[PDB]
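Take a look at the structure below.
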Amino acid sequence: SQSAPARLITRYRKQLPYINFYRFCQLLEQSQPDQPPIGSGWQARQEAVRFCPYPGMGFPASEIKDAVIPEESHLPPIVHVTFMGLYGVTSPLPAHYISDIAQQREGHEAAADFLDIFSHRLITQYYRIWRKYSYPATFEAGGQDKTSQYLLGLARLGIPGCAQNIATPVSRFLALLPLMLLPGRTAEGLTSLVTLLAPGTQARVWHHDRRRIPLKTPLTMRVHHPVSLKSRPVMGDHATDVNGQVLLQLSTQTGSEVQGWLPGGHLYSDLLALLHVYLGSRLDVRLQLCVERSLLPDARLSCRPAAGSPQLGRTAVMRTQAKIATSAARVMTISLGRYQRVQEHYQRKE
Amino acid sequence: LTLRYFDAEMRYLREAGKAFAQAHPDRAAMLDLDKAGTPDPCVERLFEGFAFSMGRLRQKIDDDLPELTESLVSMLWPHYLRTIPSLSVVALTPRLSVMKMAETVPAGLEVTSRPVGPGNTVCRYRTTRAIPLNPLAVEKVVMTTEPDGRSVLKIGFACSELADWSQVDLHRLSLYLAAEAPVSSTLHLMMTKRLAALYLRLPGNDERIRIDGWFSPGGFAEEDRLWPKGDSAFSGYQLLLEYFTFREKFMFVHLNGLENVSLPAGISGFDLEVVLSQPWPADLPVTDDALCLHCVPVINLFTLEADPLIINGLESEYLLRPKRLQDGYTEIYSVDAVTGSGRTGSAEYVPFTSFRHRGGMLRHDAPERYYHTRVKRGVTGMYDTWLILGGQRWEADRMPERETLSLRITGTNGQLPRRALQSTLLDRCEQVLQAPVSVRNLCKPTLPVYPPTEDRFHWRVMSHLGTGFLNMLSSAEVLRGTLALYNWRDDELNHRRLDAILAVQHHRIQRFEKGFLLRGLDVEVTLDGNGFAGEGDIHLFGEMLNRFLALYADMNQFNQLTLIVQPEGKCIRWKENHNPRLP
Amino acid sequence: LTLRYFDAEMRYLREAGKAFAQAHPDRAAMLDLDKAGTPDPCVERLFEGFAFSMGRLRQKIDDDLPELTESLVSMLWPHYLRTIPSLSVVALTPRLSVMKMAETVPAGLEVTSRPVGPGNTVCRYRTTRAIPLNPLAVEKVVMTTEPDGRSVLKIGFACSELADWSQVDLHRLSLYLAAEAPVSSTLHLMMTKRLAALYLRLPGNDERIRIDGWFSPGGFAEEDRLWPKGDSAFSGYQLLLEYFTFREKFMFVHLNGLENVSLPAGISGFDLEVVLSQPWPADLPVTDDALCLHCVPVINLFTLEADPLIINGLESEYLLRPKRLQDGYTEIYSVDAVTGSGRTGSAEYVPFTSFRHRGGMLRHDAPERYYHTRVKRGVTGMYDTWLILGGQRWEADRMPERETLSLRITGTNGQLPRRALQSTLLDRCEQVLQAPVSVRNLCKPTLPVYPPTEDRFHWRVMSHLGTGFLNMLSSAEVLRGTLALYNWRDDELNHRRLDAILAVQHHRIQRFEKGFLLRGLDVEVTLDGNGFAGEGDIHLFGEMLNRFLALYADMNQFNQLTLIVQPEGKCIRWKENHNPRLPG
């Protein structure tokens, strides 16, 4: 592009005696990254690219130092430094070609344009291995869920295609990937999920808790004359099932994050990080919070009255200082149902 | 493709020359050859040839990246199934003097010594799990309906009055449904109709035959996209993938104790009254050629043993031998597997097992004179491959003085289309085949098939699948994967088959003695692609052997399948999948 | 080097010469390479030396980066391209006249050191691992053999205000001792087997506190041998010797007795403490190898300082060897944190694996921050030396030599001879510390553990364990999927301890106190085979305290350890009081 030297070499002509070639080609694609002259499109369409005047120098890596860019010939690379840069050059020119350049003379100055057509298309991809195609360390790639070193390095958790139903794409690989490689585990990863997302907040887990209802549809405590059973099913009218409904508390001390956990702020961060990434249909999770008194108003219209289920933060017109309280509840991270129906067919008679 | 990257640079350097020799300063000197015209065989053949070999190789490697970490599936080992030969369809066998005989037939009966080709040779190949034969063969299959609305068919009174059937083990004599399946609603119906068979009534007037334990017929071998669903579904195939068509479980079919409630001469009936109340379509033909007694499947598997002409040095040898280096084998023949070697020096020098034996940290806790196996590709232009392979610790000593190391090589060949084979029997069993056996070669064979390694998606999406990670799924998560990963023969039927799926959603089952966190999934769709009552039920057994496998690593995961036959139909299959504990 | 330079020449000349000429006959209908003959000039001999020579170095680049990238992406869940420093147990004792409110102050300390080799000295890392109260003293402990197998300690000292001082923090002084393993861990087998311990009162100097209402058990192990695999099941943000080492996170048998002393008049303590169920065995030596205080084996950590250097272009590679490294220091450690003063922002620095995603997806109030290093080698006589590189859209266009830059970095020492000494000099630890302390190097300095895994084929197992399953099935998984972290010392003792016979999975249902069912499991492992180690009463007790703690495997699983040695008299169970608050 015309903007590629008009940004770089017209303004930044102060470190070109000691610049790296590794650094230089990176800033070209960072000069116009919006719809860039993609280096992978070399395979048919090097015409109309206007790339940088590296080639014809015959230089190794990090030894491009000379800085001359024309503007009239509509393609900036026309460079041949004589007596230097013979990188891999062994024998002189053939017999019939010297008879057309006549005779390895001043006409050779207009011959290396065609002659270095081969070295132009190779030092593109020579660079591309060191920086994009086998190195990038998921750091020189630096993508936004496009760069292939992410997708090669994230399918070992089993998320291709499963970005569906998530309001964000897969971004929390940076810390959860060591934790998300052990199977069937754990409880202590939920501490990392909170300390990542908002510091100043701590987490404690109680493994079992007194869950309640599920109301059984036959009451089953009819005392039966024809047939009944004893061995396990003994109860009253509502059952209790402990087995899988853990309790989680949070504890903040910066009031800017207190208004982040009430629904709308950071509650959408946990509610999608659990349900499809770390737990899924393993368990159900209960949330709770403990702060000092509140910051909560009252009966204003359509939608933001409720501090979960409870209300407070409005009545103390008496005393100066603190009392600690539990805050509220948040909903479970559950997903269930029955669908409706009765059936019509069967499996197989074997 | 290989010519795809060839055509990439050939379009390139022609546009590179038209932009240069038009205005750039080479038209002070190259115009004298362009205006006169030089598409020279002198210069442009080797200039592009130096360009194309450099333009193809690095670009194919840097784009695909078939990385070294992708060979970690070599210690999973299902993927010997990446080299599947032709669908060598079920072979046949005629009557041979059917009187007072019972037969026992071993496998390994090489067939088809006839069909030579243009640049192709004849393909010798073997079979799996041959049938202990009992000679009786009904010739005509006629459908008769009732005047009360039920259609039955023919009896077993073909070959009884010439033999001593009291001396015969008549148990579970299967029959594969014949070529009335190209009418693609019959083997649909005639397998699913026998979900609800009824007792049998045949008049023969011959007190020679009294059987029970009714035989389970078959006929699955027409289809081969459906079988790799069953291959991953029975992890336990690790020693039984090694011959790979696995008819040992017979693509599950059973019929119960079905006694011949016999009748006097003239009164009959073979009912299936639960399904038979819903009779045949009027546009369903009946075919006398549903003759089924002697169908045995075969596979394109050829063998040899090359001479021990080995060894001097290291693992650079990769078994290029004159049983393949012959010109009749060079264009076409290939090498499939390497087993059974390592019999030089002494009796236990390096048996070829320890390449696959160790998958763990204790590598040094294994005895010396062991072995390693790697692979490569071979001749470009075909699917050809080779095997670099060597020792483990005695190779570090540089003793090349091991000579008489025996070999075992199984292989297959390639060919061209538009073939139509010639059937005959190559080898007859000793003292068993009284009269010989002709081959009918019942159906058309297909082409060899190969997995897609062409996409870093389509490799590492498999490394997802081998765990118990089925938390939540939807239809675009199911259709994309891994149902496409078994599609290797992507037909225009196949694209219509897979895109039937419309809706996939989950809910939870919660009946309880003690907790029982369960669930149940629900998907079935429109009545066109898999809409027959046969393929709707038969292909539905394919999914359940998949879905029980990846079920649970915590005891709170539990699948039951209810599903929606058409947009106006209802179905359920399973019984609650209480599998043994998988941590 | 140079022969496989020649190999790519003869490979491609055969490849482009014959496999490109006839093996593509469709477009070899557009090129006849054999029959057409060579050109007249020396034009084929140059370009085979030119177009094949660039084929050499491009593939030799391709045989460099998978040796680095596979090392780098496989450093994600394990964290073991690192190294381990050296460490040896230090014992500390304050003086006795300054017992007047002798509270331990673990705020900021030093270490002691010893000159060695080419005048080189030691820089161990100081201790902030807290001590609640100083001991009184260790009186001359003699294992008093008794007809029940007892063997008693005695302690005591008073020259001070101990009535008020020991009133403060004597309640949970879970304070310990150490000795040699056939003798020290023999008490550990009996610390879990303590009886009533009727005469439980320390003698000599309880005349001044006169209250025995509080009690304090203890427990300790040599925390270098078995414990690193217990120190390996953790997350991606914990230091190998800075998280675990000063942290009392382990499970120690702090069995505390509650039976009151019977004793004559005028006695400040009887001398029985140790009532057992088993006879103390024959042929066991006695000694006073039971400290009242000794701190950890603490490690070498430098606190190194550097001067900021800022170049537009330094972001690629600069590799500074700082100033104190020049005078004979042999090694540094990982970089800690970078701050400073830039132009707009004062300090904007986040490490690589914790980025709050403005360059990702979170996109709010957490800007572009890179901070990342390598360990890359090529050193004239070492196995590593590298300094950082990190770069994104900051203002280097208007500030070529200006940036927020102020580093912090730690270090160790790599190039050494093989000797072990006593930390003698640098007794300036005691200078905050108004009560002076003793200096005791208690044991020998270990080596720094720097043989990690060498070849590329053990690391396939390091990538196997994801798609593989947990090492709790059939013990081929537990044999193989055991780390070589025990083999990094290559203990022939511990390698015999990797002789386990196949584990069996069971599960069970338990009733709770309040009437509820709690799911569990049952692991059943078998030794079968003999010669585990010296005393299986000693070792397999000290083994199961390790292998149980690395068995936290879900959220609602009651624990499961039932150790079965071969049918030779016993089978050892392991269960604890696990509750709906926290596992015990």
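So basically every Cβ, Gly included, is an ideal-geometry build from the backbone, and we count neighbours across all protein chains shown. Computed from the coordinates by the stated procedures, all read-outs in this text should not be read as laboratory data.
Please tell me if B:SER97 is surrounded by fewer than 16 Cβ atoms within 10 Å (Cβ to Cβ), assigned to a helix (DSSP H, G or I) and away from chain A (no Cβ under 14 Å). Against the criterion (surrounded by fewer than 16 Cβ atoms within 10 Å (Cβ to Cβ), assigned to a helix (DSSP H, G or I) and away from chain A (no Cβ under 14 Å)), B:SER97 does not qualify. The set of residues in region C:129-157 that are buried (at least 17 other Cβ atoms within 10 Å of the Cβ) and either without any contact (Cβ under 8 Å) to a residue 60 or more places away in the chain or not in a loop (DSSP other than H, G, I, E, B) (or both) contains only C:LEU133. If you scan region A:197-223, which residues turn out to be assigned to a strand (DSSP E or B) and either within 14 Å of chain C (Cβ to nearest Cβ) or among the basic types (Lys, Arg) (or both)? Correct list: A:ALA203, A:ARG204, A:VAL205, A:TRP206.
Of C:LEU57, C:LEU72, C:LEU68, all but one fail to be among the aliphatic types (A, V, I, L, M) and within 7 Å of another protein chain (Cβ to nearest Cβ); the exception is C:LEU72.
Given the residues A:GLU72, A:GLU109, which is the only one that is of a type in the set (D, E, K, R) and within 9 Å of another protein chain (Cβ to nearest Cβ)? That would be A:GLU109, the only listed residue that is of a type in the set (D, E, K, R) and within 9 Å of another protein chain (Cβ to nearest Cβ).
Residues of region A:32-52 being away from every other protein chain (no Cβ under 11 Å) and either closer than 18 Å to A:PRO76 by Cβ or surrounded by 15 or more Cβ atoms within 10 Å (Cβ to Cβ) (or both), which ones?
Hits for region A:32-52 are A:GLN32, A:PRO36, A:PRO37, A:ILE38, A:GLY39, A:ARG50, A:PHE51, A:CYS52.
The number of residues in region C:41-60 that are buried (at least 16 other Cβ atoms within 10 Å of the Cβ), in a helix (DSSP H, G or I) and more than 54 Å from the chain's Cα centre (by Cα) comes to 2. Here are A:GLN245, A:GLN249: which of them is within 30 Å of C:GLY515 (Cα to Cα), touching an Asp or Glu at 6+ places or on another chain (Cβ under 6 Å) and of a type in the set (S, T, N, Q)? Within the list A:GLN245, A:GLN249, the selection yields A:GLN245. Within the set B:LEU493, B:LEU498, B:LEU502, B:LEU485, the sole residue that is surrounded by 15 or more Cβ atoms within 10 Å (Cβ to Cβ) and away from chain A (no Cβ under 14 Å) turns out to be B:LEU498. Which of (1) within 11 Å of chain A (Cβ to nearest Cβ); (2) buried (at least 16 other Cβ atoms within 10 Å of the Cβ); (3) of a type in the set (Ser, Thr, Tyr) is the odd one out, the single condition B:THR38 does not satisfy? Failing condition for B:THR38: (2).
Filter region C:367-385 down to the residues that are within 14 Å of another protein chain (Cβ to nearest Cβ) and touching a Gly at 6+ places or on another chain (Cβ under 9 Å), then identify the one that is nearest to C:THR83 (Cα to Cα). Talk me through it step by step, then tell me what you get.
Here is the first cut: in region C:367-385, the ones within 14 Å of another protein chain (Cβ to nearest Cβ) are C:368-376.
Narrowing the set further to residues that are touching a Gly at 6+ places or on another chain (Cβ under 9 Å) leaves C:368-373.
Working: C:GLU368: 31, C:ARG369: 27, C:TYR370: 24, C:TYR371: 21, C:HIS372: 18, C:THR373: 16 Å.
The qualifying residue nearest to C:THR83 (Cα to Cα) is C:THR373.
Flag: C:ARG408 does not match the condition of being within 14 Å of another protein chain (Cβ to nearest Cβ) and not aromatic (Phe, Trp, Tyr). Residues that are among the charged types (D, E, K, R) and assigned to a loop (DSSP other than H, G, I, E, B) within region C:160-195 comprise C:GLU161, C:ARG172, C:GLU180, C:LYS193, C:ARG194, listed in sequence order. Restricting attention to region C:314-366, the residues that are closer than 30 Å to A:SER269 by Cβ, touching a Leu at 6+ places or on another chain (Cβ under 6 Å) and more than 14 Å from every other protein chain (Cβ to nearest Cβ) total 1.
For region C:443-451, the count of residues that are under 18 Å from B:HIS364 (Cα atoms) and within 14 Å of chain B (Cβ to nearest Cβ) is zero.
Hey, can you tell me all the residues within region B:1-35 that are within 11 Å of chain A (Cβ to nearest Cβ), closer than 30 Å to C:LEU13 by Cβ and part of a loop (DSSP other than H, G, I, E, B)? Across region B:1-35, the qualifying residue is only B:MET30.
Do we have C:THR2 as polar (S, T, N, Q) and surrounded by 17 or more Cβ atoms within 10 Å (Cβ to Cβ) here? No. For region B:283-305, the set of residues classified as surrounded by 18 or more Cβ atoms within 10 Å (Cβ to Cβ), part of a loop (DSSP other than H, G, I, E, B) and not polar (S, T, N, Q) consists of B:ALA290, B:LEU291, B:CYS292, B:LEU293, B:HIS294, B:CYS295, B:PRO297, B:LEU301, listed by residue number.
Taking the residues in region B:228-256 that are surrounded by 15 or more Cβ atoms within 10 Å (Cβ to Cβ) and polar (S, T, N, Q) as candidates, determine which candidate is farthest from B:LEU272 (Cα to Cα). Checked region B:228-256; the qualifying residue farthest from B:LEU272 (Cα to Cα) is B:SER232. For region A:185-221, the set of residues classified as touching a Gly at 6+ places or on another chain (Cβ under 9 Å) and under 30 Å from B:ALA550 (Cα atoms) consists of A:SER192, A:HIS208, A:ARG211, listed by residue number.
Residues of region B:267-282 that are closer than 13 Å to B:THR144 by Cα and either part of a helix (DSSP H, G or I) or of a type outside the set (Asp, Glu) (or both): B:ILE267, B:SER268, B:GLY269, B:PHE270, B:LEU276, B:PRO279, B:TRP280. Among the residues here, B:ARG124 does not qualify as within 18 Å of B:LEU442 (Cβ to Cβ) and either in contact with a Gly (Cβ under 9 Å, 6 or more places away or on another chain) or of a type outside the set (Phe, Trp, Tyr) (or both). Among the residues making up region A:139-161, those that are outside any helix (DSSP H, G or I), crowded, with 19+ Cβ neighbours inside 10 Å and more than 7 Å from every other protein chain (Cβ to nearest Cβ) are A:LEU157, A:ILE159. Considering the conditions (1) in a loop (DSSP other than H, G, I, E, B); (2) out of contact with any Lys or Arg (no Cβ under 9 Å at 6 or more places or on another chain), B:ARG126 is excluded by exactly one of them, (1).
Please verify whether A:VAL194 is of a type in the set (A, V, I, L, M, F, W, C), within 22 Å of A:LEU283 (Cβ to Cβ), assigned to a loop (DSSP other than H, G, I, E, B) and more than 8 Å from every other protein chain (Cβ to nearest Cβ), treating the condition exactly as stated. Considered against the rule, which asks whether it is of a type in the set (A, V, I, L, M, F, W, C), within 22 Å of A:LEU283 (Cβ to Cβ), assigned to a loop (DSSP other than H, G, I, E, B) and more than 8 Å from every other protein chain (Cβ to nearest Cβ), A:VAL194 comes out as no.
Within region B:328-350, being outside any strand (DSSP E or B) and under 29 Å from the mean Cα position of the chain (by Cα) holds for B:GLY328, B:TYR329, B:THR330, B:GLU331, B:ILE332, B:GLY340, B:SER341. Looking at region A:1-23, which of the residues that are more than 12 Å from chain C (Cβ to nearest Cβ), in contact (Cβ under 8 Å) with a residue 40 or more places away in the chain and part of a helix (DSSP H, G or I) is farthest from the chain's Cα centre (by Cα)? Among those that are more than 12 Å from chain C (Cβ to nearest Cβ), in contact (Cβ under 8 Å) with a residue 40 or more places away in the chain and part of a helix (DSSP H, G or I), it is A:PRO5. Among the criteria (1) surrounded by 12 or more Cβ atoms within 10 Å (Cβ to Cβ); (2) under 25 Å from the mean Cα position of the chain (by Cα), the one A:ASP284 does not fulfil is (2). All conditions but one from (1) under 30 Å from C:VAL478 (Cα atoms); (2) loosely packed, with under 15 Cβ neighbours inside 10 Å apply to B:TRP574; the one that does not is (1).
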